[PDB]
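Here the structure comes first, spelled out in C-alpha cells, and everything after it is commentary.
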Amino acid sequence: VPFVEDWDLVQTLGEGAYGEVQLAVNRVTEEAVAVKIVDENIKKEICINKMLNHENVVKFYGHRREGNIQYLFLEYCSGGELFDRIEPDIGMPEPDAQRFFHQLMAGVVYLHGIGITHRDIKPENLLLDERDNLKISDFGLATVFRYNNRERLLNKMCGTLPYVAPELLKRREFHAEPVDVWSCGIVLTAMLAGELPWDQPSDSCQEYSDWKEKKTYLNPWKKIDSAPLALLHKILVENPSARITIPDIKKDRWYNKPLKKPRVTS
Ligand SMILES: COc1cc(-c2ccc3c(c2)Nc2ccccc2NC3=O)ccc1C(=O)O
C-alpha cells in the first residue's frame with residue numbers, strides 16, 4: 001500500500017541530551033509514534049531496546065540511520081509523563097499512586113529478569129498511555145548487569161542526584177538491583193507527598209540525616225499514611241544489602257492493600 005512508510009512530525013514531546021523527540025503521525029493510518037532524533041551511548045540504547053518486550057516498557061518499533069542523525073521509533077504515550085500527575089506539595093490520591101507503583105514494579109521486575117538496570121528511574125521517565133498505564137522510558141543510561149547468569153558490579157556514577165541510592169555516592173562498586181529499588185521508593189515518596197525528600201542521600205544533607213534519625217513528624221513524611229510509610233522505611237535503607245528486594249515489596253501490607261476501583265439503571 002503506497003505512503004504507509006510516510007510520517008508527519010506534528011509536535012515536540014521532549015528534548016534529549018543530544019537531540020529532540022517528536023510526535024509522528026502516519027500519513028495513511030494516522031497511527032501515532034514518538035521519534036527520537038540523536039546525532040557507544042545511542043548504540044547501547046538501540047541494542048538494549050531491541051531486547052525489550054513488556055506491557056510496562058515503552059515499545060521499540062525500530063531505527064533508521066540517515067548519515068549522522070539516528071531516528072528511533074518508539075511507542076507514543078498520549079497521557080504524557082507521571083511527573084505531570086503529581087500536584088506539588090500534595091502528590092496524588094493514594095489508590096492512584098499504588099496502581100502506578102504496581103505497574104512500575106512489574107516493569108522493573110521484567111527489566112531485572114533479563115539482566116537490565118535502567119539507572120534513571122524518575123517520574124519524567126515514566127510515561128502514561130491512553131488508559132493511564134505506566135511505561136518505563138529512556139534506556140540511554142541503561143546497562144547489562146547480568147550476562148550468562150553472572151552478575152557484574154557497577155561503578156559508573158549516573159542518574160539524577162535526588163533519586164540516586166547512597167552507595168552510588170559512598171562506594172566504588174555496588175549491586176545494580178538495589179539502586180533501581182531505591183529510585184522507585186523516591187518515586188513513591190514524590191507521588192504521595194508531592195515533594196522530593198532530599199537534594200542527595202548524603203550525611204551532609206540535613207533532610208537525609210533526619211530520615212536516618214526516624215524524624216517522620218517532619219515533611220514529606222508527615223503527609224504520608226503509616227501503611228505506605230512502613231514500606232518506604234524498608235526501601236529507603238542506607239545499607240543496600242539490608243534494603244528490601246522486589247519479591248519482598250510484593251508481600252508488603254500496603255502493596256497488597258485494596259484501594260482502587262458505562263452503566264444504566266432500571
Ligand atoms: C527515549 O528518550 C526520551 C523520550 C522522551 C519522550 C518520548 C515520548 C513521550 C514523551 C517523552 N513525553 C510526552 C510529553 C507530553 C505528552 C506526551 C508524551 N508522550 C511520549 O510518549 C523525551 C526525552 C527522551 C530523552 O532522551 O531524554
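Values reported hereafter were calculated over all heavy atoms of this structure, with side chains retained and with hydrogens, waters and symmetry mates removed. Count residues from 1 along the sequence.
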Less than 4.5 Å apart, any side-chain heavy atom of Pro201 and any of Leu169?
yes
Given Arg85 and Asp96, is the salt bridge (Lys or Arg N to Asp or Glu O under 4.0 Å) satisfied, shown in steps?
CA-CA 10 Å; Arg85 302 300 179 90; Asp96 300 18; over 6 Å; no
Value for CH2 (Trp182) from CD1 (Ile235), rounded to nearest 0.5 Å, stands at 10.0 Å
If we ignore hydrogens and angles and just use 3.5 Å, is the side chain of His112 paired with the main-chain N or O of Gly107 as donor and acceptor?
no
Find out if a path of hydrophobic residues (ILVMFWY) with successive side-chain heavy-atom gaps under 4.5 Å connects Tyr147 to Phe139.
yes
Give a yes or no on whether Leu196 and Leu218 share a hydrophobic cluster (residues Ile, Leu, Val, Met, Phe, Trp, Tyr; joining criterion: side-chain heavy atoms under 4.5 Å apart).
no
Counting distance only, does the side-chain N/O of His175 pair as donor-acceptor with the main-chain N or O of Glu177 below 3.5 Å?
no
Working to the nearest 0.5 angstrom, can you tell me the gap between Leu111 CG and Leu52 CG?
6.0 Å
Interatomic spacing from OG1 in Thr160 to CG in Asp120 - rounded to 0.5 Å:
3.5 Å
I'd like to know if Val108 and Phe83 are part of one continuous hydrophobic network [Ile/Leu/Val/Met/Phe/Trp/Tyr, side-chain heavy atoms within less than 4.5 Å].
no
Give a yes-or-no answer on whether the side chains of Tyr208 and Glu238 include a donor-acceptor pair shorter than 3.5 Å.
yes
Could you tell me which non-hydrogen atom of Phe101 sits nearest to which non-hydrogen atom of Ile249, and how far apart they are?
CE2-CG2, 3.8 Å
Atom pair CG (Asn56) and CG (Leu126), whose distance is rounded to the nearest 0.5 Å
10.0 Å
Side-chain touch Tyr163/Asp180, heavy atoms, less than 4.5 angstrom
no
Nearest atoms (heavy-atom pairs only) where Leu128 meets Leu82:
CD1-CA, 4.3 Å
Between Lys36 and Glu45, does any NZ, NE, NH1 or NH2 come within less than 4.0 Å of an OD or OE carboxylate oxygen?
yes
Is there side-chain contact between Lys59 and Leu74, with at least one heavy-atom pair below 4.5 Å?
no
Under the 6.0 Å and 45° cation-pi test, does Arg27 pair with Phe3?
yes
Can you find a side-chain donor-acceptor pair between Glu94 and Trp254 that sits under 3.5 Å?
yes
So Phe100 and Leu104, do their side chains get closer than 4.5 Å, heavy atoms only?
no
I'd like to check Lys250 versus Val109 (side-chain heavy atoms, cut-off strictly below 4.5 Å). Are they in contact?
yes
Audit row: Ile37, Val35, side-chain contact (heavy atoms from CB on, under 4.5 Å) steps and yes/no:
CA-CA 6 Å; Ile37 298 102; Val35 177; 3.9 Å; yes
Using every non-hydrogen atom in the two residues, find where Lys122 and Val187 come nearest and quote the distance to one decimal.
CA-CG2, 3.9 Å
Between the side chains of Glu55 and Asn133, is a donor N or O closer than 3.5 angstrom to an acceptor N or O?
no
Salt-bridge criterion met for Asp132 and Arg99 (N-O under 4.0 Å):
no
Could you please spell out the steps behind the side-chain contact (heavy atoms from CB on, under 4.5 Å) verdict for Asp6 and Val28?
CA-CA 8 Å; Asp6 302 326; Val28 174; over 6 Å; no
Looking at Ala34 and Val21, what are the two nearest heavy atoms and their distance?
CB-CG1, 4.3 Å
Check step by step if side-chain contact (heavy atoms from CB on, under 4.5 Å) holds for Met92 and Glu87.
CA-CA 6 Å; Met92 72 178 69; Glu87 199 176 5; over 6 Å; no
Side-chain heavy-atom pair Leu232, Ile224 within 4.5 angstrom cut-off
yes
Ignoring hydrogens, what is the shortest heavy-atom contact between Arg243 and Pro166? Give both atom names and the distance.
NH2-CD, 4.1 Å
Are any non-hydrogen side-chain atoms of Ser78 and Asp129 less than 4.5 angstrom apart?
no
Does a side-chain N-to-carboxylate-O contact under 4.0 Å join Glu195 and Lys223?
yes
Interatomic spacing from CG in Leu231 to CG in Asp225 - rounded to 0.5 Å:
12.0 Å
May I ask you to test the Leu72-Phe60 pair for a side-chain heavy-atom distance under 4.5 Å?
yes
With a 4.5 Å cut-off on side-chain heavy-atom distances among I, L, V, M, F, W and Y, is there a chain of contacts connecting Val179 to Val237?
no
Determine whether a donor-acceptor pair (N or O, by modelled atom type, separation under 3.5 Å) exists between the side chain of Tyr110 and the backbone of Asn53.
yes
Identify the two heavy atoms, one from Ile244 and one from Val181, that lie closest to each other, and give their separation to 0.1 Å.
O-CG1, 3.4 Å
N/O donor-acceptor pair under 3.5 Å between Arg119 side chain and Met157 backbone
no
Quick one: does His118's side chain have a donor or acceptor within less than 3.5 Å of a partner on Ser137's backbone?
yes
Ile90 CD1: over 12 foreign heavy atoms closer than 6.0 Å
no
Sidechain-backbone polar pair: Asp8 side chain, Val10 backbone, donor-acceptor under 3.5 Å
no
Do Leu192 and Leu259 share a hydrophobic cluster (ILVMFWY, side-chain heavy atoms under 4.5 Å, transitive)?
yes
Hey, what's the ring geometry for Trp211 with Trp198, parallel, tilted or perpendicular (30° and 60° as the breaks)?
tilted
Take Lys212 and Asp203, measure what side-chain contact (heavy atoms from CB on, under 4.5 Å) needs, and give me the verdict at the end.
CA-CA 9 Å; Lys212 293 197 291 180; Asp203 320 297; 2.8 Å; yes
NZ/NE/NH1/NH2 to OD/OE distance under 4.0 Å, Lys251 and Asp248:
yes
Rounded to the nearest 0.5 Å, the NZ atom of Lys135 sits from the CG atom of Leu127 at a distance of 10.0 Å
